[PDB]
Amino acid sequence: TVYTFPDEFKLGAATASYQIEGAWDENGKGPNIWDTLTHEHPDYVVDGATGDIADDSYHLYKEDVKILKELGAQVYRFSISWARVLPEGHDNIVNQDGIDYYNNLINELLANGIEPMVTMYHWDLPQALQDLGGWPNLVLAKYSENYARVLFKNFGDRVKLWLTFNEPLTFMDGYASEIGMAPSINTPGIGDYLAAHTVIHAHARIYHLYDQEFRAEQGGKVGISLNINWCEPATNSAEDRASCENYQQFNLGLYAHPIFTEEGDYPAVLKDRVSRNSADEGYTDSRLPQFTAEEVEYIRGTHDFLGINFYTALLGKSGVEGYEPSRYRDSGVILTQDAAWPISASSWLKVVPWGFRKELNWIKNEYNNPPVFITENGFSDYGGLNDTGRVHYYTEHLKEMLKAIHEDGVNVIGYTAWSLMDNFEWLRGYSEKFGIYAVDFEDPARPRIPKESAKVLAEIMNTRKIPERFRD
């Protein structure tokens, strides 16, 4: 039993638009902040790589569906490129080519028995909106509502699973470094918090929009994909446990407390630590933006499920480090990695499968066991088809998730592996491979070929169980 998936549980794979599509300026698509970063700042990216072509999924979407069908995916999580649909960011111009493209993909999926799950925003903000300041500027919440309306109107008759945002904890960091994630702005501890605030408002507007204008007719579900690392106490002390709770609240709680709790608002520890630090540094005003009571009420409850991206764990101990000001310094935890944990091709990603189970329990307890869809989980290497590290990563993480479901009563409802295929890995370019299918980026045809992990995941999806040879 502990090795069998629940009958209704949905298994599949995931991608994101900038990472796979290419066709960056084709057929009316407007420029986004990743076009800007990779074109103007190739020095920020391994190999000076760009997403100009990537997997060429704009042209090769039928090949993506073919490999999903081979895999036996029940669900395909993909994102929509805002600037492909609304090239000016604002809703004055709708690019019919973009509408046609995503309709083509959706219809191809459905014709092949695969359910679409759509992420509205996976980091590719139109440059015209970044030019207003991007996410730190609250005007983007209404622009996001208007973008979502176009998506619901055009696609919501066939799409029943939506994610407003992917990893705002990550993309807010594009406002906390001059050389990092797009738009590569250095306002740590100030602009990243403003970005988070706008995102939360935008998410809430989109959810309410769905309720008001679409739900009765379309009958789907709207969630959000939040990333979180497990944070294990470095020692068993109460002090180290406190630091790990700080981590959860400063990483997951930043977004999930306003949305997924009965109380709403930011976590108290977030408000209090930033207020104190801001005062001690001489600011008249806290660096953390505030919600009014009316806003708190509007934002809380804006969810039909919780999307989780899970990859790894850290060790946390009591203390403070990082630059002043910064979210890390504000969070009041000293983070490290255990040298014993297996490595990947990504400095940040160590293999800690039991951390997945711990995180799922933390979520269950904090948010009253919301339905959780694992929207990403995966592993990097530098290349190769005999990807034993990736196979082990998946089988162990899936076993831990199944224990969370069956032993711990966590309401996990689905899982999409990151990623269907090797793709543009942001600042790492094509150097770090996350796919279960390999792609030859030197071959203009971009063939997708199965790795061992694709074969093992197909076996899992077909049999609906963890095969005996991978059991403890």
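All residue numbers are counted from 1 along the displayed sequence.
**Student:** Please work out which of 443 to 451 and 40 to 48 has the higher mean CA B-factor as recorded in the PDB entry.
**Tutor:** Comparing 443 to 451 with 40 to 48, the higher mean C-alpha B-factor belongs to 443 to 451.
**Student:** Name the higher of the two by mean Cα B-factor in the PDB entry, 238 to 246 versus 164 to 172.
**Tutor:** Higher mean C-alpha B-factor in the PDB entry: 238 to 246.
**Student:** Which of these, 315, 268, 181, 110, has its C-alpha atom at the highest B-factor, as the entry lists it?
**Tutor:** Comparing C-alpha B-factors across 315, 268, 181, 110, the top value belongs to 110.
**Student:** For the CA B factor values reported in this entry, which option in 307, 126, 383, 353 has the top one?
**Tutor:** If I rank 307, 126, 383, 353 by C-alpha B-factor, first place goes to 383.
**Student:** By the record's CA B-factor, is residue 102 among the lowest, middle or highest third of residues in the chain?
**Tutor:** Middle third of the chain for residue 102's C-alpha B-factor.
**Student:** Ranking every modelled residue in this chain by its Cα temperature factor as given in the entry, which third contains residue 33?
**Tutor:** Tercile = lowest for this residue's CA B-factor.
**Student:** Going by the recorded CA B-factors, say which third of the chain residue 408 sits in, lowest, middle or highest.
**Tutor:** CA B-factor rank for residue 408: highest third.
**Student:** Going by the CA temperature factor in the PDB record, which third of the chain does residue 427 belong to: lowest, middle or highest?
**Tutor:** Its C-alpha B-factor, which the entry lists for residue 427, ranks in the lowest third among residues of this chain.
**Student:** Sorting the chain's CA B-factors, does residue 186 end up in the lowest, middle or highest third?
**Tutor:** For residue 186, the deposited C-alpha B-factor lands in the lowest third.
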